[PDB]
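Heads up, the chain below is alone and in the form deposited in one PDB entry; it's given as structure tokens.
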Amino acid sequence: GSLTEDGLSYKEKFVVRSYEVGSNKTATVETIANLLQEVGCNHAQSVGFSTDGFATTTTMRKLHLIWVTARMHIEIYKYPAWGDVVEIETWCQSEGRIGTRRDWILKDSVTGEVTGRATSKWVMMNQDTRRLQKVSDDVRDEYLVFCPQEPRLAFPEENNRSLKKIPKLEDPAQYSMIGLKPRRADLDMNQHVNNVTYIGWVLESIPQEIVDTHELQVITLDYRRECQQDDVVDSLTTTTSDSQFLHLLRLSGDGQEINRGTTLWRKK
């Protein structure tokens, strides 16, 4: 992996692994999501950020501030096959005082064609109180030297899927997977549940026949609250329609919302 000539984006190639593929012998959406995390971390390392947190500036570390994912949006046209090489380019951009945005472009290494794209919204939070906050001049001036100054959007089109408001699923759900718990493999280096686990939990309530006859094209996921190591989750899905689904992840007990999302699937 390496920063591009202008030092304003990062590229990395990955060979798809045997355990990373599903029933169609292509990478799962959770494998893709893991690769977006990996290329994101390597981009931050290559521009001076030191491994404690993700892209934590000097001012942020002193004020106990972290970047937290609020929304992840992934669109896949072709899932790479087992043994294929996929090249991912990533970059970040300031969104004024709201927060930051990280975008990715996935390409087939042999053909050079775009096989997928992703966009994500990140907000500033205090590590200890978990209270959100706007981005100050001091932190903006520290990370702006690593971003392209003109807009560079993975999803440029007006009125696109990445910017649509997601409603709250109403009971009763059409489908559900109850009693989902994280294991140690689901935790990151800071003992928090890996954000990719929530994508898997959302997909658990999709019926197996849809998974067997369709391919996931679009996933939009909002992160409202974290699931602790000793929390239990219920995954709910209702068809809203290609097949479209509305999703809700909530705590098995009190029904406290942790995530809401939408998926779009194409007939194979």
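Shifts are known only where both forms have a C-alpha. All residue numbers refer to positions in the sequence shown, first residue = 1. For the two forms, the rigid core is made up of the largest set of C-alpha atoms that agree within 1.5 Å on superposition.
- Gaps at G53 occur in at least a third of the other compared entries of the protein that contain both adjacent residues.
- Gap between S241 and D242: 10 or more deposited residues without coordinates.
- The question of which stretch, 179-187 or 155-163, has the higher mean Cα B factor is settled in favour of 155-163.
- Look at the C-alpha B-factors of 194-202 and of 92-100. On average they run higher in 92-100.
- Within the group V211, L65, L35, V68, the record's highest C-alpha temperature factor is found at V211.
- Per the deposited coordinates, the residue with the largest Cα temperature factor out of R131, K168, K107, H73 is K168.
- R250: CA B factor in the middle third of modelled residues in this chain (values from the PDB entry).
- Sorting the modelled residues of the chain by their CA temperature factor places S23 in the highest third.
- In this PDB entry, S120 carries a Cα temperature factor that places it within the lowest third of its chain's modelled residues.
- The entry lists a Cα temperature factor for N126 that places it in the lowest third of the chain's modelled residues.
- When the CA B factors of the chain's modelled residues are split into thirds, the value for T58 lands in the middle one.
Missing here is the form solved in complex with a small molecule; even so, the following discussion is about that form.
- The closest heavy atom approach of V233 to the small molecule in the bound PDB entry falls outside 4.5 Å.
- For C147, a non-hydrogen atom is located within 4.5 Å of the small molecule in the bound PDB entry, even though that partner is not displayed.
- Contact annotation: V47 falls within 4.5 Å of the small molecule in the bound PDB entry, judged by heavy atom distances.
- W67 is not among the residues whose C-alpha shifts by 2 Å or more between this form and the one not shown once the rigid core is aligned; its shift stays under 2 Å.
- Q208 shows a C-alpha shift below 2 Å between this form and the one not shown [criterion: core-superposed Cα displacement of 2 Å].
- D52 shows a C-alpha shift of 2 Å or greater between this form and the one not shown [criterion: core-superposed Cα displacement of 2 Å].
- In sequence order, there is one run of three or more residues whose C-alphas all shift by 2 angstroms or more between this form and the one not shown, with the rigid core superposed, and it is 50-54.
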